[PDB]
Amino acid sequence: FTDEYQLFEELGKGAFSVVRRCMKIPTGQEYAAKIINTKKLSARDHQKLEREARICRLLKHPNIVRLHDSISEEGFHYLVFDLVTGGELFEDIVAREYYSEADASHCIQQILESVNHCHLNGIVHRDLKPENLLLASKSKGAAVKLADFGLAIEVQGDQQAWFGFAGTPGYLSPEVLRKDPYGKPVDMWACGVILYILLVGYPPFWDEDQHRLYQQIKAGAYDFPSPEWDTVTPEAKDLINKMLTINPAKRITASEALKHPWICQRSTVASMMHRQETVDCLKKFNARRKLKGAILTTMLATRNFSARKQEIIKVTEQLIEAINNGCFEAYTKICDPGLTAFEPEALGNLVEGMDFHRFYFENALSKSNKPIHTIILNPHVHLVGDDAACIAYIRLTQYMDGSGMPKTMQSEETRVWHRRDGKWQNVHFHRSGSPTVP
Amino acid sequence: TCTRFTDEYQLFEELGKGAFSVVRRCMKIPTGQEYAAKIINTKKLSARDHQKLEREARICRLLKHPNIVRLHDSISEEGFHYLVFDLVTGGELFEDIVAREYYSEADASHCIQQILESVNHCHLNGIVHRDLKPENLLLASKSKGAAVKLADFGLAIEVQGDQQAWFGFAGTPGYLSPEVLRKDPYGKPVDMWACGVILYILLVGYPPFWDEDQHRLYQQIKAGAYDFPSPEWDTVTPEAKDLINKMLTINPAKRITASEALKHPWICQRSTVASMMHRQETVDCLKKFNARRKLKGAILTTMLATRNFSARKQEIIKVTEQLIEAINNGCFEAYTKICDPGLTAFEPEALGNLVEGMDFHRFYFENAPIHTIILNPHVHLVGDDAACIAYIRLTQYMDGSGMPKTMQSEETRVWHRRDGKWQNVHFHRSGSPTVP
Amino acid sequence: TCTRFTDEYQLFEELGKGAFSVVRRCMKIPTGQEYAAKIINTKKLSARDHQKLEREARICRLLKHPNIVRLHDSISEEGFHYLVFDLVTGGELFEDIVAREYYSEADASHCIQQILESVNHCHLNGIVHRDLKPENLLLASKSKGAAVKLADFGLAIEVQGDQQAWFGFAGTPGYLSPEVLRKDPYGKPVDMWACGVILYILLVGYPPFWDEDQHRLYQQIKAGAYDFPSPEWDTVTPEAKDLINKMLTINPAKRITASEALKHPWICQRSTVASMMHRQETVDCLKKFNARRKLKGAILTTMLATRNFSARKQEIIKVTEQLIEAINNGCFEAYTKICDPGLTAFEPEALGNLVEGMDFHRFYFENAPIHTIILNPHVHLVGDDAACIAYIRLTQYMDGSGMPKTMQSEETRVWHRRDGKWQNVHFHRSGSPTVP
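Residue numbers (PDB author numbering), protein chains in the order written: chain A, 10 to 315, 344 to 475; chain B, 6 to 315, 344 to 401, 408 to 475; chain B', 6 to 315, 344 to 401, 408 to 475. A prime marks a further copy of an entry chain.
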């Protein structure tokens, strides 16, 4: 690399890569060099970087970050990209003093031009999102450039296939969420989501619960609420509708969208009114997006439960209570007669019926006179139909041991519930960890 | 990958040791010219220390100034690496000053002028030293009038024009600049703050910022809290004080640069501005300063932190002691008075889980000769109404057999003053459970 | 073995806790007269704490003076023991003073007179309190003009006539007498030294002896190193200073006694000798004194000792660091330079034996990335040419698998300056060996 180019300031650094401003001394250029410490690159990471470079070499377009050169050294591979200085498109928009549909249409025109180029070269990006929409420079009219093909796939013409569950939740297409084979149209759905945001500054599908979010997407459950959408042109709403078409076979393509009046006749179709409420809302959208930027896998418990999920928690705690109090009548009321169970007491066997559990009621659960305190930690409830549910939780038990010393033990427990004859009943459970009897 | 050094040099005694290097006196055999050879096993060189080595060599290659320890050659010998430097034989500037019979502002100005010239040369080449201190201010030789030389660029960095950036928290506490202490992006001005500290010492023999509590020291530095106490400063020219003030400027954007300082009347018109009065009190104090610095010189890493606790920190210790007392006495009322109702806790009794509330702890009060010792408590004040304390909890007790025993746990407790009362909102115990 | 207390008393809230006792407010049912009941499980009572209980009861039975918390009954209830005391409701004297709008020498003299009268009564009964301090100087009630009362005889001892003897190292550091600090036999005069400390505080609001380093404090006390700084003391009558000097007399045989102090002009002729000028600066300072004392009040045992090390102590740290550096660098020459040839050592590598000389250690230099941390070093200066240091040696290293690891050992090193050089004559390592 130093052979021809010259390195300068650092623009970023990942796990195996460091990026710096560069210059081709022979030609007075200026690029972004992705310096990869090949000694840190794993095998599966090696497979993905080979794919990203091959794809980037294949895409030569103004609105696509261009890969200019690839060269290796002593355990150090260099990838020379375009130098992009303008940052995120969405961040630039909030800084503008004027912003209208015409501005949004000019943006989406460029994004569609890049998507169309990708599709024409048999490439699907699969992760169109604001973070991957950059401005070439801070110049007043810099070009929008599509970036980061780390999730991009190579497709065979117009053949659909299941390439895996990948993308960013808020932009995933219905076909991917349905687990159907998919292809180029997934990018056009994402474009429709981006176009929606560019007009009013908030997403068309949003929900704290990801499961609910995905239900909304699969149902195409978006609308154009007043007042903000009252001033949006019909043609812009029309283009969104054609992109956010649930059935990918009927979804507008990149080539077709480039011919939509709102795109190719912007001068006469797109409004030129200022949308301050879109700028104000985009500011909040961007701020939330930068706060939720998870650098690492973060797993947060559940704490805002529907009434249906609380019902499962309640009957579960009623069952645990009956066990602690040695009330076999309540236990057989709440448990299904055909209950099965994996539990440490059963030594890796699947036990069926009430017999195995009757032994601990008829003896220990009431015979032993010592204080015990049960704690249920981080319950998670799956609703799997109107009359079925699953609950998973940690069961912490404080108790007094033989020497009269306080002890604690932990179990992990799954309980499957079926509403039969109007009553939630436990048909199967699985305990791992410690056995519930001290 | 050559063999120049071994086939053209001769090695002698060691002069100093580095993190990954050894410095030895050497001689170029053909000429009998002696140098200081910095040697490294290319084996040692990890990706980090190899990048550091490359950086030091690249930086030192650029620096060719009379008042800088010059690099003469860089050789990779297929198994080792050798950086050939000037051999400095004059010792430290500060040691030389105390031995003089006459020392005045004019002498100090001459010293600072050479130091600024070395710093100015670095900055003009886009290089920031970051570790200006007496140990790096050497005399080229024992000859009277020898030149001051700037040494040791192991912490030096390269900057791009006048662009600031975070290059890491590096330097020596007494000479660190406010911008580094604030975690701001920084650049060339950090060296000029250090020069201000050095100039202050060269005039009176003691530093402008000093405190046994490093946190207080850094807050003094960030506030620019220095002054010119009488009587020693009453005899100092106003122009000397003026130059110091322009160096010890909190805002690096308003701080005097190396070039500007070299134009200051006290420097470039030294014969007219600088006093030639001998300053015996400065020589005396400097001898103490050097003796203290030599005792505290960085040898091995040493940790010791239980200073004269402030009243605010003692308050956190007291409420923590009151809490543990309530536990040992099994007084749950006092426990729920001191602990926030939304208390969270990691502890061995909870088996890796984060527990919330009072329930988990009530079990031990309701069901379960003790001497508790709190060892080496450390308190962070995190606002007027917040603090955390960290201590070793060493408990002596009698076991079931009637035998004495000791258990240890390490505890963190976070405190928030709510409704006028210090309350424990979170704690983390590691080690042994608190119950026998 | 009776049942008087339970059949004739009624118990209420707790007022304080003791090592083996609980103090509760109580009432004699027939009369409605309230008292403070000190209760003990006769179970707790070990041979020691049973002898202490017997001692406190026997001593308190003797003391019947208006300015002493009187004992009214001692009952053993076949399972418990109850000491019935006066109920004191006035709080501490020092807290009351800060709340007054007028306070002068005359007020202080009146306070000290009652304190001396209580102490005089003890001494005349062959009893030494040994723990005179503000916490034990209470007001009988909240009524204006209430009597000062001496409380808490848990550290009190019995003496035989005027015979001195070693009764143990007991008391509160700021009020300990030189003779106890010297480990001399002692007696009644220890209470009079404490009275001098209390009187000094009553006049200006701060103690005569104070230092964060307890060792320095004790050397101040043993030297009698106090003074009367201006301006606060310029307005104090010479007779007040005179009485203080006669109490803070290093030699207990020349110290003024309680009886003699009660005859001092500033006491018995208070109306003529003591100034009636209000001393607002004393009230202000006392408020600080009380606040500080309340923060540091003995709750649980707390250990924290890494003060602003002296130059002499830093020298021991430095030479210890240099020694460990030589070990880590495998430099046996430097090791035999620093270690005495007759070095002895306990260490895990020696399997419980005491090894002597250099041979045992040469093996590890001759045959066998390191970061050594020295944690919480403590230095005892044991003469101008001797010291010992004790520290935790925490070593980070890479193992055979290329994985980072940490080991801990605890080390003692004894140093003797021989021929002008600090040399290590003995060391003791516990915990891990120093080799991976």
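Here a beta-carbon is modelled for each residue, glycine too, at the ideal position from N, C-alpha and C.
Own chain partners of residue i with C-beta closer than 7 Å, once the 5 adjacent residues on each side are dropped
i, result
"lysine 48(A)", "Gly84"
Rounded separation between residue i and residue j - CA only
i, j, result
"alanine 310(A)", "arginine 53(B)", "39 Å"
"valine 93(B')", "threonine 240(B')", "35 Å"
"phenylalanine 174(B')", "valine 195(B')", "12 Å"
"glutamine 165(B')", "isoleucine 371(B)", "48 Å"
"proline 381(B)", "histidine 77(A)", "56 Å"
"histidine 394(A)", "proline 374(A)", "12 Å"
"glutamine 168(A)", "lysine 57(A)", "22 Å"
"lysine 246(B')", "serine 235(B')", "13 Å"
"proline 35(B)", "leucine 155(B)", "28 Å"
"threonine 254(B')", "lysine 293(B')", "27 Å"
"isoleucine 357(B')", "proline 212(B')", "43 Å"
Amino acids of chain B, ordered along the chain, whose beta-carbon sits closer than 7 Å to that of residue i
i, result
"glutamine 435(A)", "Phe396"
"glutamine 447(A)", "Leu384"
"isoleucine 357(B')", "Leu305"
Buried versus exposed, by CB contacts within 10 Å (16 or more), residue i
i, result
"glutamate 82(A)", "exposed"
"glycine 192(B)", "buried"
"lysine 299(A)", "exposed"
"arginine 260(B)", "buried"
"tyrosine 14(B')", "buried"
"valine 418(B')", "buried"
"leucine 142(B)", "buried"
"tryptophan 198(B)", "buried"
"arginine 312(B')", "buried"
"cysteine 65(A)", "buried"
"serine 276(B')", "exposed"
"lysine 346(B)", "buried"
"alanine 161(B')", "buried"
"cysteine 31(B')", "buried"
"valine 278(A)", "buried"
Proximal residues to residue i (C-beta, below 8 Å), its chain only, five neighbours per side dropped
i, result
"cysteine 200(B)", "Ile117, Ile120, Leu121, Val124, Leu137, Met252, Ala263 and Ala266"
"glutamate 449(B)", "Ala429, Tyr430, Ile431, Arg432, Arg468, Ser469 and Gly470"
Per-residue contacts from residue i into chain B (C-beta, under 8 Å)
i, result
"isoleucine 412(A)", "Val388, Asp392 and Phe393"
"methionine 197(A)", "Near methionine 197(A) there are no residues of chain B at all, since even the closest Cβ is about 41 Å away, more than 8 Å."
Interface flag, residue i vs chain B', CB-CB below 8 Å
i, result
"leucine 181(B)", "no"
"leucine 300(B)", "yes"
"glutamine 347(B)", "yes"
"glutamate 354(B)", "yes"
"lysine 351(B)", "yes"
Any C-beta of chain A under 8 Å from that of residue i
i, result
"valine 474(B)", "yes"
"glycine 150(B)", "no"
"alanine 401(B)", "yes"
Short CB-CB distance (under 8 Å) between residue i and chain B
i, result
"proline 416(B')", "yes"
"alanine 344(B')", "yes"
"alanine 310(B')", "yes"
Sequence-distant residues of its chain with Cβ nearer than 6 Å to residue i (five each side left out)
i, result
"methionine 282(A)", "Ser109"
"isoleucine 412(B)", "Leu433"
"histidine 86(B)", "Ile45 and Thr47"
"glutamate 184(A)", "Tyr191 and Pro257"
"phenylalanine 99(B)", "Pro139 and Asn295"
Within chain B', partners of residue i - CB distance below 7 Å
i, result
"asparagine 313(B)", "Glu217"
"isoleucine 371(B)", "Ordered by position in chain B', no residue passes the 7 Å Cβ test against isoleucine 371(B), which lies about 13 Å from the chain."
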